[PDB]
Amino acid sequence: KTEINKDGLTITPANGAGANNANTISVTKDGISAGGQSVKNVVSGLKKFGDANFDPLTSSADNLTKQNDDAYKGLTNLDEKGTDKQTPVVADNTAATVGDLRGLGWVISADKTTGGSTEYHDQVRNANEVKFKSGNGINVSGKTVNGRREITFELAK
């Protein structure tokens, strides 16, 4: 059941428009509805740090630094700049994708690698875990107080 009018196009599934037309797929003056389905084959235009077609000429120093740093490789670059060097390549009002979510994260680092001899760093993406460990002479504990996830550090023994 496909219907078109001055306000747009609407497709009502074999069974029904559902509560509040939630089961309706449409493109009308009121926007878009996917009817409980998905929007596939879509990209936001966002790139990952380290990706091939980065334009260093229009970049800020911070963005270029991250683009070239392996510690950031793979993280989504929410700040790529285009021509004028002021306007975001990708505008705020652009649908984000699951692939953009997969590259979301922050970098964690330390000047020393445990049992190592080099600096340390890794990415903390969705569902990654960071653990603060007690060590010789130091007790590290956690507790969520009034919403704050507090990690306390004290002398042991």
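All residue numbers refer to positions in the sequence shown, first residue = 1.
Taking only CA atoms, the mean B-factor in the PDB entry is higher for 33-41 than for the other of 125-133 and 33-41. Judged by mean Cα B factor in the deposited record, 18-26 ranks above the other of 136-144 and 18-26. Within the listed group 88, 99, 105, 50, the record reports its top CA B-factor for 88. Highest C-alpha temperature factor among 62, 119, 55, 92 per the entry: 119.
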